[PDB]
Structures are given as C-alpha cells and as structure tokens.
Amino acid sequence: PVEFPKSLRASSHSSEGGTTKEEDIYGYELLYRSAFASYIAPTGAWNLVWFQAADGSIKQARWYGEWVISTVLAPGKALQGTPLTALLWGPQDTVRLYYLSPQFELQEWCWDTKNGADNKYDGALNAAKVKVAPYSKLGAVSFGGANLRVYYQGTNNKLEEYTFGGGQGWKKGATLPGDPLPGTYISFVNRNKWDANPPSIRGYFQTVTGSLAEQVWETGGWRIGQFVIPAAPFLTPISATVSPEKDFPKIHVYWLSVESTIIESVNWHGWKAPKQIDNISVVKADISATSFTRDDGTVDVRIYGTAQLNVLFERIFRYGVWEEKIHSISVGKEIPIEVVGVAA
C-alpha cells in the first residue's frame, strides 16, 4: 500500500478519526498537481472545467447531462505545469482561457459560440508577447461585455495587470500595490454583473510574510483591502468566486489549511469567520471555484481540484449545504491503490 498520515482523512470514506485502510484512485493521465480553471453557466445548465493532461495538452471537461472530455490545446502549446484561468460572458456564449507558453509568455485561447458559431482560435493577447515571472499564476475578470483584465506576477514579483477593451487592444494596465510572495496563487473576481461598467474587482494572494491579502479596485484606483489572514501555508492554493445572494455580491475565498483541507471565508455584508468546509485532505495543489445564483437568489458553489491520490474532484455547495458525496471526473486511465494510515 501507499502510506498516508494517520491523522488525516484521504477520502470521504476514510474513517472518522483519519485514514486506517482504504482504496483510492490514481488517475495517471491527469498531470500530477494540475492547474484548474472552471466556469459554471450562470443558468447552472452546464459546467466547464479545464486542466492539464500528463502529456501537457490542455483538456476540457464539460457537463451537459453527462461529463464529456475534449482537448482544447495540443501538447506543446502550454508550459508543463502552466497556470490556468478562465472567463465566460455574453452572458455565456464567449469563453477565454489564459495560460503560459513554454517561454513564460501570457497566452489566450478563444472559444466563440455567439450566433451558433463554434470558433476556436489563438487570441490577440499572444501577440503582445508578455513575459511574466516563470512561477507566475494567473487571474482574470471581464466587465461591460468584452472589457478584459488579466492579472499576473511580473518579473520583479509585483502583481501586474493587462487590459483589453473599448477598441484599444491589449495594453499594459496597473501595477498593483502590496508585496506578493514570488509564485503566489492569485484569484480575481468581479462583484458587478458581466455587462456592467465599471466593475468592482477583488483579488486574493499571498504576501511575502505568508499572510493572505486582498486587492481592491473601485472607481478611484487600486487599494489593499480589509481581507487579512495573518498566516497560511507556504504557497497555499487560493481560489475565489462571487455571485449575488439576495441581490448582494457573496464573495467566497478558498485556500488550503496546514492539513490541506479547504478553508472558506465568505464576504456578504462583511467578512465571516473562516471555516473548514470538510475535513478531507486534498492534494496540496491548485483548486478552482465557480458559482452561480439560482432563481430564488441562493448561490451554488463548485470547487474543482486534486484529491488523493490523483483524482479530479468536484465539491458541491447546493441548497445551502456542502454535499458529503464528493464527485470525481475521470479524465483517462486509472489504477486503484491501497492506502494505509501511518503515525510518526
């Protein structure tokens, strides 16, 4: 068997006090510690997830009655271990996926379906040849339709912005305040509606002290926000999502604890105390959260990431509860392995 810390739970079927003996799955055609991007349709009618396969291609999992896997970027287009982040607007007929080339330049994949089209192509961002820090992660928001903002870590480790819209093409945007940890995960959201202008932007990242911090944009410029977590694991994965709950934006910020369990902090008329959403230890690796608002004004959340041993998980917050059944999305060949809990 493989050995696992006895005090941690590897799966939903692990014993209540930790792992004793169980079977878990190794999906070896998923890149170990793959990045993830995702977007659930604002209607909730379908789901999109993107990930990196072991062969380096970027693939897509789409749920529409059932999960279907496809390849969107051939092997060689993306850095091995590229970050990923996605945009969806129109309200839901135009998709952009951002990633890094093997030369650490920002890249954009475009999928247009407006008016029955089905066009997939390399976006104009590629031609700006924007070199980033080689360990940079990626965030992005959209507003007013096709006004786009891409967030990255520059070669001097500051967080940087690239902008698109209003006929200007891609141009360098703001240099953000704060002192980001080199290689920090980053996640940016827009609290205002996809077709609204101006946006209301929040980004989440880890500072050089290890704390978690917040970027704020409102009319008037960029500011460091009130969201402060004094200590977090080194290079903890971070992902945030926002959707209106009872007509007010509900920000969900997720990161990993020292036990590699998912911690959630909610902003909705103020910040709520952080809370562990479940006590199952995921693989310390990228997570991706997305959300939508139902007809009665409640907000659903999905989180994608890597579970033991190398499985694409989907955690579901629906009708006000985290579902104890954690879904898995098969992306290729798999082998089952016995896992035994071992103490120090």
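All residue numbers are counted from 1 along the displayed sequence.
Stretches 24-32 and 293-301 differ in mean CA B factor, with 293-301 having the higher one.
Stretch comparison (33-41 versus 314-322) by mean CA B-factor in the PDB entry places 314-322 on top. Across the options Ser57, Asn47, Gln276, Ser70, the residue with the most elevated CA B-factor in the record is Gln276. When the C-alpha B-factors of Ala61, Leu309, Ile280, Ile287 are read from the PDB record, the largest value belongs to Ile280. For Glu105, the recorded CA temperature factor ranks within the lowest third of the chain's modelled residues. Placement of the Cα temperature factor of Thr236 within the chain: lowest third of the modelled residues, per the deposited record. For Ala133, the recorded CA temperature factor ranks within the lowest third of the chain's modelled residues. The deposited CA B-factor of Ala146 belongs to the middle third of values across its chain.
Ranked by C-alpha B-factor against the other modelled residues of its chain, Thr85 falls in the lowest third.
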